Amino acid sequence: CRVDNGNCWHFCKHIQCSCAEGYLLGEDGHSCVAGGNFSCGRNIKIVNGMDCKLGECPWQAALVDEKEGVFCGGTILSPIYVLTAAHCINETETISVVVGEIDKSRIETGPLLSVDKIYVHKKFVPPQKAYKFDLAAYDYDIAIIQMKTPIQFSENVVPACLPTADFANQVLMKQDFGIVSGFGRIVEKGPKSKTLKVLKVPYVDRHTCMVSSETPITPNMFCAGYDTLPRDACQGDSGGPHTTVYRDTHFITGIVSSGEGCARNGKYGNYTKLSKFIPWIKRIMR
């Protein structure tokens, strides 16, 4: 049913129609409405981004280290699970989570959320392995954090909607833009930001992607950014959400993973192509 998505608001199974978790199918068999107040994707509606107002990036998580503070970001899937990048794991002494906050300073000084387990993808390739066995560094850059206690959702705190491989492949990833955010550096080698920043980044064609860098992105990644416009994710933004909007709902489509520097001419950010890891995510959320 790749004909305008069967005129259906969310997922289309060839036609059969459905919706994201916490959504309800209309009487017309096409529409999807919010089942509750904490339904995923719902909103208030980095180099050279904007200050994401409180309640505008509700799914934004902050990974917090005792001595280094916020080093990475994550994405809330449910009250128990937070999505992040593998390379953000075991690269620091301690790792806590903080949500519903946009101030970098207040997050590091305030109360933290305890982490229980952390699922790192078994095929993840760190710089270490990529040099030893000639693999692609940051391939399978994905990981899931399992909190000790359920997260309290609210206006400022809610999860991003997990899409179906199809929906994400045939609709979302065919969109013009994605949104991404984090507390990372405001410029290559520059200082980390004082507040959460949010950025729109256009989808780049896989070709213009292989042509741009010495480092080719694998089939499990995708790139996004600008040719000459100084807008990109940067160090410290890893794990952050790359979401795509569809019918005023936010679906998680990527993860901030890597890139040659930050906001360089003819180069783009690299993202964990999340549509490749949907069943992987679904298994662990069971």
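Each residue number is its position in the shown sequence, starting from 1.
Counting the unmodelled positions of the deposited sequence between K45 and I46 gives a long gap of 10 or more residues.
Stretch comparison (47-55 versus 235-243) by mean CA B-factor in the PDB entry places 47-55 on top.
On average the C-alpha atoms of 28-36 have higher B-factors than those of the other stretch, with 257-265 and 28-36 being the two compared. Out of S78, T109, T75, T149, the entry records its largest CA B-factor for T109. Of the candidates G178, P163, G184, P127, the one whose C-alpha carries the top B factor in the deposited record is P127. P230 sits in the middle third of its chain by CA B factor, as recorded in the PDB entry.
Annotation for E93: C-alpha temperature factor in the highest third relative to the rest of the modelled chain, per the entry. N270: CA B factor in the lowest third of modelled residues in this chain (values from the PDB entry). Residue-level temperature factors show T208 in the lowest third of its chain, judged at the C-alpha atom.
Placement of the Cα temperature factor of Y138 within the chain: middle third of the modelled residues, per the deposited record.
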